[PDB]
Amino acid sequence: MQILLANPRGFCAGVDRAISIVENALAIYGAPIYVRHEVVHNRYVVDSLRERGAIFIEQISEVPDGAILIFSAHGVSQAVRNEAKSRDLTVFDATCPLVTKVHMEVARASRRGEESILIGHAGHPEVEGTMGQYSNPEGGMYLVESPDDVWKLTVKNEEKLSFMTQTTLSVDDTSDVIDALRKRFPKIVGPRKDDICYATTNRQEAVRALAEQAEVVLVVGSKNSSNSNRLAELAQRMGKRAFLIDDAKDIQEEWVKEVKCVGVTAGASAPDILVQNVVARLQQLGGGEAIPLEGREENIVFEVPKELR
């Protein structure tokens, strides 16, 4: 059995920065350090941080007075940011710069009383934080997930309309939704394409190339990781068996029995050590040396705030 490794895969610049923010805060101020929601959607990463002294909570209420709080990489609504500022809490924002960029555009549209439409998945923290940057009752902030949602959306003034998107969506599906928005609201304005980040675009492109070579694709990443799910979904749509797994232990023999070529990739929040262990498991299951595919070079790095260096 041949083992192929997608490239790029794993940690993106935003994730690496968010994790370093928590680690450095812990090294500078010692434990405990409170973090609102998982800093990134990866069970292993979160566990490792708890070991170092981090405490993940869901609501600011859970955070004691005088404690250090860190916002997750997915970002937060203005309400949350205010709720933390109205408290005696020291805050460090690990929101990825690429998410913040979308945040700004929303707040901007909100100040100009112009309605905005976000393409994203309801309930995801990034969606909650981005929708949460709009607060002008004279305009509006609407969420759409598919062309169908677009087909039934009604706006106050489509003459002044703009759209934004979640950073981890399916490049293909988003394209379909944007096409619908333009046919519905011909005057709508937005980015040249979308707000899907380079890491998301690159990992989908890479898993596509992997899928055309492997019969089975294993995607390392947690169930709640939006970008990771998009990778498995893409593989599955190409007709290949694809599984989203947190670690080597989830691998079931039947998935790779008599399989000549298995591909492995990882979401933007999955550490390389998890991929290494998956490769080791595949090797005892008959796999040979893992062969890395040729791929897009990524060179962007996001530094932690100077205050935490």
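Under this definition, the rigid core comprises the largest set of C-alpha atoms superposing within 1.5 Å between the forms. From 1 onward, residues are counted along the sequence shown.
Chemist: Would you mind working out which of 83-91 and 166-174 sits farther from this form in 7 other deposited structures of this protein by RMS C-alpha distance, with the rigid core as the fit?
Modeler: When 166-174 and 83-91 are compared in 7 other deposited structures of this protein, the bigger C-alpha shift is seen for 83-91.
Chemist: If the other structures are each fit on the rigid core, which stretch ends up farther away in C-alpha terms in 7 other deposited structures of this protein, 51-59 or 275-283?
Modeler: Larger mean C-alpha displacement, comparing 51-59 and 275-283 in 7 other deposited structures of this protein, is found in 51-59.
Chemist: Do the CA atoms of 152-160 or those of 191-199 have the higher mean B-factor in the entry?
Modeler: Of 191-199 and 152-160, the stretch with the higher C-alpha B-factor average is 152-160.
Chemist: Which is higher on mean Cα B factor in this entry, 58-66 or 237-245?
Modeler: Mean C-alpha B-factor is greater for 58-66.
Chemist: Tell me, please, which of 96, 102, 141, 232 has the highest C-alpha B factor according to the deposited entry?
Modeler: 141 has the highest C-alpha B-factor of those listed.
Chemist: Specify which of 130, 110, 170, 222 carries the largest Cα B factor in the deposited PDB entry.
Modeler: Across 130, 110, 170, 222, the entry lists the biggest C-alpha B-factor for 110.
Chemist: Would the CA B-factor of residue 51 place it in the lowest, middle or highest third of its chain?
Modeler: Ranked within chain, residue 51 CA B lands in the highest tercile.
Chemist: Using only modelled residues of the chain, where does the Cα B factor of residue 13 rank: lowest third, middle third or highest third?
Modeler: Its C-alpha B-factor, which the entry lists for residue 13, ranks in the lowest third among residues of this chain.
Chemist: Per the entry's values, where does residue 21 land by CA temperature factor relative to the rest of its chain, in the lowest, middle or highest third?
Modeler: Tercile = lowest for this residue's CA B-factor.
Chemist: Among the chain's modelled residues, which third holds the C-alpha B-factor of residue 74?
Modeler: CA B-factor rank for residue 74: lowest third.
Chemist: Going by what the PDB entry lists, where does residue 27 fall on CA B-factor within its chain: lowest, middle or highest third?
Modeler: Its C-alpha B-factor belongs to the highest third of this chain's values.
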